[PDB]
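As provided, model_12.txt (compact mmCIF, C-alpha atoms) reads as follows.
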```
# COMPACT_ATOMS: atom_id res chain seq x y z
CA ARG A 1 28.35 63.39 71.17
CA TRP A 2 31.39 65.61 71.74
CA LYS A 3 34.60 63.57 71.81
CA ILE A 4 34.10 61.79 68.48
CA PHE A 5 32.58 64.91 66.94
CA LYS A 6 35.35 67.30 68.00
CA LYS A 7 37.89 64.60 67.16
CA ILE A 8 36.72 63.74 63.64
CA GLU A 9 35.99 67.43 63.08
CA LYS A 10 39.45 68.54 64.19
CA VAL A 11 41.41 65.68 62.61
CA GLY A 12 39.39 66.22 59.45
CA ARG A 13 40.60 69.80 59.00
CA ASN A 14 44.00 69.06 60.53
CA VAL A 15 45.11 66.49 57.95
CA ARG A 16 43.62 68.45 55.05
CA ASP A 17 45.09 71.76 56.21
CA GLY A 18 48.42 70.03 56.79
CA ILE A 19 48.46 68.38 53.36
CA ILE A 20 47.29 71.57 51.65
CA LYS A 21 49.60 73.90 53.57
CA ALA A 22 52.86 72.08 52.86
CA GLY A 23 52.07 68.71 51.32
CA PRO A 24 54.38 66.00 52.72
CA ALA A 25 55.11 62.68 51.00
CA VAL A 26 55.17 60.38 54.03
CA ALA A 27 51.58 61.14 55.04
CA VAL A 28 50.34 60.95 51.45
CA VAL A 29 52.20 57.76 50.53
CA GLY A 30 51.40 56.13 53.86
CA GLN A 31 47.74 57.11 53.96
CA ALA A 32 47.16 56.31 50.28
CA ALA A 33 49.08 53.03 50.46
CA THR A 34 47.21 52.10 53.64
CA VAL A 35 43.84 53.00 52.11
CA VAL A 36 44.64 51.12 48.90
CA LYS A 37 46.31 48.05 50.41
```

Produce structure tokens that represent the structure in this file.
Amino acid sequence: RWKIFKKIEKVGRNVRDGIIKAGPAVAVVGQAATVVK
């Protein structure tokens, strides 16, 4: 109702903004690898 919403909403823009702003390799590799395997 609020927790999940605010959470997913925040985290959603957080990651994106973080990856777009700078664009680290750890997060990308990790996330991708985790999502793939």

May I ask for the distance between atom CA of residue A:16 and atom CA of residue A:30, given in Å to one decimal place? 14.6 Å

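We find atom CA of residue A:20 and atom CA of residue A:5 to be spaced 22.2 Å apart.
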
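Atom to atom, atom CA of residue A:12 and atom CA of residue A:31 stand 13.5 Å apart.
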
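Closest approach to residue A:15 among A:27, A:32, A:37, A:1: A:27, based on all atoms listed in the file.
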